[PDB]
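Below is one structure, written out as structure tokens; the observations come after it.
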Amino acid sequence: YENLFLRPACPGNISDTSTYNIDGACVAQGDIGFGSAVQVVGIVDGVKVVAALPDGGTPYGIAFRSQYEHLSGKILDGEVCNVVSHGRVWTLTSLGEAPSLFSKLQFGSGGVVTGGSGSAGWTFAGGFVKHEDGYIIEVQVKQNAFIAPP
Amino acid sequence: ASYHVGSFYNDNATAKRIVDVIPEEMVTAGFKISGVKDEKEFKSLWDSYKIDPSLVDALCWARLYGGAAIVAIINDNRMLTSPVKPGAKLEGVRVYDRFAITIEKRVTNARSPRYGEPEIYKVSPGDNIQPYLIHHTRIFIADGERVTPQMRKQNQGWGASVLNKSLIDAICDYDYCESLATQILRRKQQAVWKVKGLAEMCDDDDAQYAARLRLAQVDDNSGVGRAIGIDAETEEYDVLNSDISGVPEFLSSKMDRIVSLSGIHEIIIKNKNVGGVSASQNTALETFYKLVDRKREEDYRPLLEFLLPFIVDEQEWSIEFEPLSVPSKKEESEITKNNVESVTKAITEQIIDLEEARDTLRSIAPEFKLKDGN
Amino acid sequence: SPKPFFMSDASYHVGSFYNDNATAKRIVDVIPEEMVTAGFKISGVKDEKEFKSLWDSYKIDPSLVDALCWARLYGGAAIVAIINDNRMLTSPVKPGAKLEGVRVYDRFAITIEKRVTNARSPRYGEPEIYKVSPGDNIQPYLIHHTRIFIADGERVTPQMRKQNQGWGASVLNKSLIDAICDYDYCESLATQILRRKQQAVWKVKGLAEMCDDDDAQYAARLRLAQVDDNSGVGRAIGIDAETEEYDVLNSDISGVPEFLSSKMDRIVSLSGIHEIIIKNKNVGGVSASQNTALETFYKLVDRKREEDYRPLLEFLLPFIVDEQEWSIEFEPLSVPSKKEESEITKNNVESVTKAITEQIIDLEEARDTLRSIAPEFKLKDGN
Amino acid sequence: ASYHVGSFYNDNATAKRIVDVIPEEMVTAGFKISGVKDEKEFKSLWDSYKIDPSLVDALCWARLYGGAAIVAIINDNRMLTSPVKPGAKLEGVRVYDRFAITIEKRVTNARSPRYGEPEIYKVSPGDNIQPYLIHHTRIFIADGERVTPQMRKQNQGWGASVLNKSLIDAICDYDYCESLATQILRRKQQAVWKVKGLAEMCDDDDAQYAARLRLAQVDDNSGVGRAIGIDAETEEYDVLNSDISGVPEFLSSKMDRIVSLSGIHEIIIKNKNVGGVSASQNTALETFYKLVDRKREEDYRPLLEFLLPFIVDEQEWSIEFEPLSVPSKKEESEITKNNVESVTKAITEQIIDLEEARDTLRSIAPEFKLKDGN
Amino acid sequence: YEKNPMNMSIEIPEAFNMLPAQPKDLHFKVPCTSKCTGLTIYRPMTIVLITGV
Amino acid sequence: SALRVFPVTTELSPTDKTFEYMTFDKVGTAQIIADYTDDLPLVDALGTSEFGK
């Protein structure tokens, strides 16, 4: 009774076949890069409008890699977008060394992981590899973990 | 590994071939019956029942799992566990695998010669229907190949699987050898690049990453029509190589061992003609023919004795097997010429009259249709 | 050398080598059913339709097959025939033609009950009562010699025969056994040599400083394996000149198929069954030599058949046929062809009546002549 | 270093074949009897006595031990020591080995040609039965091969085993060669691993156990797709290899020696078709037939003259050995056609009449059944 | 108790047999042998033993 | 009277030297549900063995 692993470790893709959720009814304002956190700025007709994470926002999900929706290499303004709201996913990071297992991550500007000492939110899942003179980490996203401030 | 032979059978197509080429061709070869009033209605009823695919599957399970059973449900106004009164009638037949049959009641009376033989069979198909009971006369049980009685009795009087561990491991290591050969081809040539102080750089940093990217890029653009530049005092670039030879012969020898252990020969197991000879593969066909015929009389015939009396009202009959030789119109054209001249070149002087000469000529199944008559 | 007082050699080893290995299965099994299914013909009987009717009514040839199988394997087998007799099963059989079944027991299930060595009777030295201990919880029952038949294997020295209570030996003698055994060893060594074709050596001064089973050594091993899997003909690897060296060593492989073919040829020689039957490979380079190979094989199987198949027939026939004097003929064990069968029927039908028309050879015997050799030409019984 | 031949016989397989192949085929070849009124009752009586297994093993032990005896018991009202009166009665025959027979009484009468030949045979079967004495006419003695008389009278006028010293050690050397070839294959490659200070490590302690376990572990995971690490400063890992060639040829030469000493050729002793020719093994077979018939005429017929007059009441008769050639239906039909056309193509004009033409046609063994009559 | 082979059993793998006589100077020796296992109870609680009767 | 009071079986080869039999067990339960449900109680099995000589 076990969960299978997934083969290619590139940024922006899913790392396991555990319970995951993909919110595919969204549109982008500005440009978004695969493997970055996004935030919900508004809702029109059951569609969520997302943008790259600013300072002071609450992350909602992580952009997901697809080879039909995004032929350019990144997500462009006015495009339908895939966002992962629950599951394990490879994220871009600016950190230098792996944090403690099952710690709480903190997101800098642009939707990159820079902290490992948060109070509550998403947690580190134990994966830490290297990409392009930069690193990739593995994050565990949960649905109601970050709550929008009143 | 893979102790449950069913997974092996449904995984590797080779074992599939070894297990299913013989019985299915055996049954599709056909047979003929004598002592009946006629045969057209025999064939009409036969393909009306059209149970030969079920027969094929029953034989295949018997050969693979070592055992199988078929139950023939007969149109009679009695409850099924009771024995069967004499008659010639049938409405359906259906096949159970080795796992679905158990012994329920046993007779040991010395008067009957059936002591020590099961009388009642407990059949448990499943499918949320209650397992039930069958009288011996209604069911027939088919086994595989013979095995020592000590093993037979611990296998509750059932045969053995044709895929023994020797054939299993012979199949297993051949694919391993093929993968190893692919690795041999992959590792034919290697390039080595040595740089003074290359170990100095820290791990997973931009310098090492750029060095690796540069190495990959220069690797991509090398070839016969392209050259590389290096630094004489610091770095060098060398190549090492090894040869490949004999690998096809190793694969051929392994496949030949497969053939020897299987017992069925090459132009049926590897499906490749030798090509060096014109008229020896035909003799290979007759060797296969004698093998399949010899295995035929031991298992296909008991099915015929079990089922045939239940369809024919006729009392005494004969079952004779059609000669398994791939025919050729031209060849049977001169065969028919030879038969027609032999049958009446000299009977014009004996008492051999029309009603027996016609029977003789149409007993050997010709292409000549003859209406019944004088 | 010390050995158990209850000597038993062909008890477990022979059964294991039979039911586990496949070449043993073939070498012990190819012969018996071929002998029994070659067919036979009877002479001195009124007709043959009822003969075949009674034969395929009794349906005892699979029992004959595995009876001969255990005879060849364990060196001995027995078959008991049950007769429609209103007497205790100890008693002999009175003259008649009746039977209700034939069933087989292995070497292990039969022993001697009492022995008669009377001078006047030629049956001295012959065990007159056989005590059989069947399986499936059936009490033993002693049998008069007339009912059962005992089938032996191959000839042995009388010194061994008396020590083995009048029973033959297994065909799987130790020479053939270990000849079979070392074949797998040679195959495994061949595969090992194939694996060991090429090796790579990586030398790093100071590698001894590495701690055992710590993060540093694990990281080194991960890196080595990782760079190993991504290497190939289209890829290059970089090393340091001062500290490490990367060399490759290789060895040649050849002659292995010939060596294995020689081992298989030795197996064939000790077996006595030739190549296109034991290995089932046509030589391929010749058109019509397999025919003479197979006729030599039928020479072998026929000369073996005359030794063991006949006694079963002479033991079973007097109980099935009421006719007083008959003879056994063995059909020529050679597969014939629609083509040549048609040709031979033509030949014999014109030979039988090309020149008899001028003599006293009449229809009432010409018909027997023509339907004696089993034709495809039927004939209703008559003048 | 001399071993008893019985153990070698019942142990080794090639010895089994060499000693057994000839007698059984020789006896199963068959014969025909001339001068007999009819042959149907002859065959009926012959297979009624059904003595051929005893004949087979009698000839076998004569071939092996250099001496065998058969005791033939007869319907007569006298003690066994008495001679045999004229008549044709038989009731049983049994077979005894070399070790159970001796000579008892001496005859030197110059009047009879029987001087120097034993008159009474002293049998000691053992098995808790008193040894007894038999007259000459009731016993036949089967001997092996010819030997020089200075050894003949030393061996009590008895033959020698067909397994002589040259045959025995030629057989023995073959197994040694096979084992040596297996060793040659095993020692193809050797890996050497040298480490400075390795001798400092002491015997049979934990450090040595750990080191050798590590060596075994690293050796188990080596191969083409895997590499090993070495410390350059202290240790070195090399591989030494050797080639193999000519071993099958050398083994074939040893088999040549075996066949040359045995005297029976390759397609009978190795039982392997040559494959390169289609129509030379037929003359190989006929050479075998010639040699086996040459040996048969020497020793199988004496059984015929020993036993046949004891069962046939006819005054005169003769033995003919059937032509030992495999008979192929097609050519048999062709030969029968030729015989039937020759026997009456040109007898229509002379005194060769039907009463003897029928004898001629049914003497040469036909398939043509014909009732006796005019 | 309840009599049924599924609750209690006694196995006799080998029946009584006599080995061939081994001869000596003027006498013989004839050995005999067999095999057994005893009583085996697969299903207890079908047997009640009343003691001290 | 042992061989006539207790049953005798012959399901054992003369070369066998130890034997073994097996025993099974199960657990489970059920509840009362509605049309749209996503949870249901489960079942399982068990096994045991004994030996001889």
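Note on naming: chains are A, B, ... as they come in the structure tokens, residues start from 1 per chain, ligands start from 1 in the order shown.
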
Review point. Do you know which residues are at most 12 Å from residue 24 in chain C counting only C-alpha atoms, after dropping those on the same chain fewer than 6 positions away, and could you put them as a PyMOL selection string?
Key: (chain B and resi 166+261) or (chain C and resi 13-18+30+72-73+170-173+176-181+267+271+278)

Practice item. Just the residues within 10 Å of residue 8 in chain E, please, counting only C-alpha atoms, with nothing from its chain fewer than 4 positions along; format it as a count of residues only. Key: 16

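Selected on chain B by distance to chain F: residues 148, 149, 150, 151, 152, 153, 154, 155 and 156 of chain B (within 12 Å, counting only C-alpha atoms).
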
Exercise for review: Would you return as a PyMOL selection string the members of chain F that DSSP assigns to strand (DSSP E or B) on this structure's backbone?
Suggested key: chain F and resi 8-9+20-27+44-51

Point to revise | Distance query residue 339 in chain D at most 10 Å, only C-alpha atoms, self and fewer than 2 positions along chain excluded, as JSON, numbers by chain | key: {"C": [351], "D": [333, 334, 335, 336, 337, 341, 342, 343, 344, 345, 360, 361, 364, 366]}

Could you give me, as JSON lines, a per-residue list for chain D showing, wherever an atom lies at most 12 Å from an atom of chain E, the closest pair of atoms and their distance in Å to one decimal, using only C-alpha atoms and sorting by chain then residue number from low to high?
```
{"residue": "D:126", "atom": "CA", "partner": "E:23", "partner_atom": "CA", "distance": 11.7}
{"residue": "D:127", "atom": "CA", "partner": "E:21", "partner_atom": "CA", "distance": 10.2}
{"residue": "D:128", "atom": "CA", "partner": "E:23", "partner_atom": "CA", "distance": 10.9}
```

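The spacing separating CA of residue 247 in chain C from CA of residue 247 in chain B amounts to 23.7 Å.
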
Pull out every residue of chain D that has at least one atom within 10 Å of chain B, counting only C-alpha atoms, and report them as a PDB file with N, CA, C and O atoms, in the first residue's frame.
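Okay, out_29.pdb is ready:
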```pdb
ATOM      1  N   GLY D 223      31.387  -5.029 -12.620  1.00  0.00           N
ATOM      2  CA  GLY D 223      30.889  -5.385 -13.930  1.00  0.00           C
ATOM      3  C   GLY D 223      31.162  -4.283 -14.931  1.00  0.00           C
ATOM      4  O   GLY D 223      32.009  -3.414 -14.716  1.00  0.00           O
ATOM      5  N   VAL D 224      30.422  -4.345 -16.040  1.00  0.00           N
ATOM      6  CA  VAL D 224      30.606  -3.372 -17.112  1.00  0.00           C
ATOM      7  C   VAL D 224      30.075  -2.008 -16.700  1.00  0.00           C
ATOM      8  O   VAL D 224      30.765  -0.989 -16.832  1.00  0.00           O
ATOM      9  N   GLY D 225      28.849  -1.962 -16.191  1.00  0.00           N
ATOM     10  CA  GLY D 225      28.194  -0.719 -15.855  1.00  0.00           C
ATOM     11  C   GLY D 225      28.566  -0.136 -14.512  1.00  0.00           C
ATOM     12  O   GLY D 225      27.991   0.885 -14.118  1.00  0.00           O
TER      13      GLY D 225
END
```

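CA of residue 39 in chain D to CA of residue 330 in chain D spans 26.2 Å [interatomic distance, one decimal].
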
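For the pair CA of residue 317 in chain B and CA of residue 374 in chain C, the interatomic distance is 18.4 Å.
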
Review point. Do you know which residues are at most 12 Å from residue 64 in chain A counting only C-alpha atoms, after dropping those on the same chain fewer than 5 positions away, and could you put them as number ranges by chain?
Key: A: 10-15, 21-24, 32-38, 69-70, 73-75, 80-91

Practice item. Up to 9 Å from chain C, what residues of chain E turn up? Count only C-alpha atoms and give them as an MDAnalysis selection string. Key: chainID E and resid 15 17 19:20 31 33

Practice item. Give as a VMD selection string every residue of chain C that touches chain F within 8 Å, counting only C-alpha atoms. Key: chain C and resid 12 135 to 137

Review point. Of the candidates D:263, D:67, D:229, D:125, which shows the shortest atom-to-atom distance to chain C, using only C-alpha atoms?
Key: D:229

**Study point:** Distance query residue 310 in chain B at most 12 Å, only C-alpha atoms, self and fewer than 3 positions along chain excluded, as a count of residues only
**Key:** 25

**Study point:** helix (DSSP H, G or I) per DSSP on the backbone: members of range 164-253 of chain C, as a VMD selection string
**Key:** chain C and resid 174 to 195 207 to 209 215 to 229

Deliver the residues from the most recent selection as a file, using C-alpha atoms, as a tab-separated table (two decimals), in the first residue's frame.
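In the end it all went to part_19.tsv:
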```tsv
chain	number	residue	atom	x	y	z
C	174	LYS	CA	25.79	-40.97	-11.63
C	175	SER	CA	27.86	-40.42	-14.78
C	176	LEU	CA	24.87	-39.05	-16.67
C	177	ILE	CA	23.75	-37.24	-13.51
C	178	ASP	CA	26.91	-35.19	-13.05
C	179	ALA	CA	27.31	-34.71	-16.80
C	180	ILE	CA	23.90	-33.05	-16.66
C	181	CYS	CA	24.85	-31.20	-13.48
C	182	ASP	CA	28.02	-29.48	-14.68
C	183	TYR	CA	26.28	-28.03	-17.75
C	184	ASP	CA	24.51	-25.40	-15.64
C	185	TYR	CA	27.82	-24.61	-13.94
C	186	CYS	CA	29.46	-23.98	-17.31
C	187	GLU	CA	26.53	-21.82	-18.43
C	188	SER	CA	26.74	-19.74	-15.25
C	189	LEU	CA	30.49	-19.28	-15.70
C	190	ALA	CA	29.90	-18.20	-19.30
C	191	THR	CA	27.40	-15.56	-18.20
C	192	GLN	CA	29.81	-14.43	-15.48
C	193	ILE	CA	32.61	-14.02	-18.03
C	194	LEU	CA	30.21	-12.04	-20.22
C	195	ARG	CA	29.49	-9.72	-17.29
C	207	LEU	CA	41.10	7.99	-0.42
C	208	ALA	CA	42.15	5.94	2.62
C	209	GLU	CA	41.50	8.99	4.82
C	215	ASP	CA	28.31	11.28	5.21
C	216	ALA	CA	31.57	11.95	3.37
C	217	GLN	CA	31.99	8.38	2.12
C	218	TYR	CA	28.31	8.14	1.22
C	219	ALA	CA	28.56	11.39	-0.75
C	220	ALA	CA	31.62	10.10	-2.59
C	221	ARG	CA	29.83	6.88	-3.52
C	222	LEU	CA	26.71	8.75	-4.67
C	223	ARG	CA	28.84	11.02	-6.86
C	224	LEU	CA	30.78	8.09	-8.34
C	225	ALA	CA	27.62	6.16	-9.23
C	226	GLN	CA	25.93	9.30	-10.58
C	227	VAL	CA	28.81	10.12	-12.91
C	228	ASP	CA	28.97	6.44	-13.88
C	229	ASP	CA	25.34	6.21	-15.04
```

Quick one: contact table of chain B to chain A, 9 Å max, nearest atom pair and distance in Å to one decimal per residue, counting only C-alpha atoms, chain and number order, as a tab-separated table?
```
residue	atom	partner	partner_atom	distance
B:204	CA	A:130	CA	7.0
B:205	CA	A:133	CA	5.9
B:206	CA	A:133	CA	4.7
B:207	CA	A:133	CA	8.3
B:208	CA	A:133	CA	8.5
B:209	CA	A:133	CA	6.0
B:210	CA	A:133	CA	8.1
```

Based on the selection just made, write N, CA and C atoms of those residues as a tab-separated table (two decimals), in the first residue's frame.
```tsv
chain	number	residue	atom	x	y	z
B	204	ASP	N	28.87	22.32	-5.91
B	204	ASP	CA	27.61	22.97	-6.33
B	204	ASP	C	27.67	24.50	-6.22
B	205	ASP	N	28.63	25.09	-6.93
B	205	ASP	CA	28.74	26.54	-7.02
B	205	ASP	C	28.75	26.95	-8.49
B	206	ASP	N	28.66	28.26	-8.72
B	206	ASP	CA	28.51	28.77	-10.08
B	206	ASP	C	29.71	28.40	-10.95
B	207	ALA	N	30.91	28.38	-10.37
B	207	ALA	CA	32.09	28.03	-11.15
B	207	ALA	C	32.01	26.60	-11.68
B	208	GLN	N	31.70	25.65	-10.80
B	208	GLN	CA	31.57	24.26	-11.23
B	208	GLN	C	30.42	24.09	-12.21
B	209	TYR	N	29.31	24.80	-11.97
B	209	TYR	CA	28.17	24.69	-12.87
B	209	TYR	C	28.53	25.18	-14.27
B	210	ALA	N	29.24	26.31	-14.35
B	210	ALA	CA	29.67	26.83	-15.64
B	210	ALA	C	30.66	25.88	-16.31
```
